[PDB]
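Student: based on what follows, work out the 3D shape:
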Amino acid sequence: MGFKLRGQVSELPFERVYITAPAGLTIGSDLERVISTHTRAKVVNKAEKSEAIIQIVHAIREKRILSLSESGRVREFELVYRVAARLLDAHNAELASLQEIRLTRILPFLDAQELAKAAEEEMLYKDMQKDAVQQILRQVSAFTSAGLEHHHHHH
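Tutor: Numbers count the residues shown, from 1 in each chain. I have put the structure below:
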């Protein structure tokens, strides 16, 4: 019969995985570590011995104005992090075009609070980068079950 328990923490069936980044981004280093620690998978340096391939298209974190006071004063700054990727076969065959990750953090603009200004742009950044990589992890581990459940992708 086989019983359905939970001995795994964040693990998946396909152990051998290969990563490919277009311009070699920071997220590439985070991903390998997050995978090896949370999942049963183990990242290879070459696709000769991989069961699946994780590909990233773009990952840019920029910042722009969100709200204004007095029709001129900067209130909050929208920290927009655009992540787009794909989930391919061991031979780079696109079976699952992975969806988009929507991450926007709220940067409170303050002149006197220099401490806060040296805090938010790290706290909101590290939390957001960590979230994004944990999201990809959660999507890859979900795709082995279904994955298409989150539906929306870039258009």
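
Student: okay, CA-based contacts and neighbour counts for the rest of this
Tutor: Noted.

Student: which parts of stretch 147-155 are buried?
Tutor: For stretch 147-155, a neighbour-count test (16 or more other C-alpha atoms under 10 Å) marks residue 147 as buried.

Student: can you check the distance spanned by that stretch, start to finish?
Tutor: 18 Å (C-alpha to C-alpha, to the nearest Å).

Student: burial count for residue 51?
Tutor: For residue 51, the count of nearby residues is 17 (other C-alpha atoms under 10 Å).

Student: quickly note the distance from it to residue 15.
Tutor: The separation that residue 51 has from residue 15, given C-alpha to C-alpha, amounts to 7 Å.

Student: next: residue 143.
Tutor: Taking C-alpha to C-alpha as the measure, residue 143 falls 14 Å from residue 15.

Student: again, but for residue 96
Tutor: When C-alpha to C-alpha is applied, the distance between residue 96 and residue 15 equals 18 Å.

Student: can you check residue 132 too?
Tutor: In this structure, residue 132 and residue 15 are 21 Å apart, going by C-alpha to C-alpha.

Student: more crowded one of the two?
Tutor: Neighbour count, other C-alpha under 10 Å: between residue 132 and residue 15, residue 132 has more, with 21 against 15.

Student: now do the SS call for the more buried one.
Tutor: For residue 132, the secondary structure call by DSSP: H, G, I helix; E, B strand; the rest coil comes out as helix.

Student: need the contact list for it.
Tutor: 83, 101, 103 (C-alpha atoms under 8 Å, 6 or more residues apart in numbering).

Student: export the residues you listed to CSV and tack on distance to residue 43 and neighbour count?
Tutor: CSV is the format used below for the contacts of residue 132 (distance: C-alpha to C-alpha, whole Å; neighbours: other C-alpha atoms under 10 Å):
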residue, distance to residue 43, neighbour count
83, 21, 20
101, 22, 20
103, 26, 16
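
Student: of those, just say which sits nearest to residue 69.
Tutor: Comparing these against residue 69 with C-alpha to C-alpha picks out residue 103 as the nearest, at 24.2 Å.

Student: how about that closest one: what's its closest non-neighbour residue?
Tutor: Taking C-alpha to C-alpha, 6 or more residues apart in numbering as the measure, residue 103 lies nearest to residue 81, with 5.2 Å between them; neighbours along the chain are not counted.

Student: next SSE after whichever helix or strand the one you found is part of?
Tutor: Here residue 81, judged by DSSP states H and E, is contained in strand 76-89. The C-terminal neighbour of strand 76-89 among helices and strands, as given by DSSP H and E, is strand 100-108.

Student: no more questions from me, cheers.
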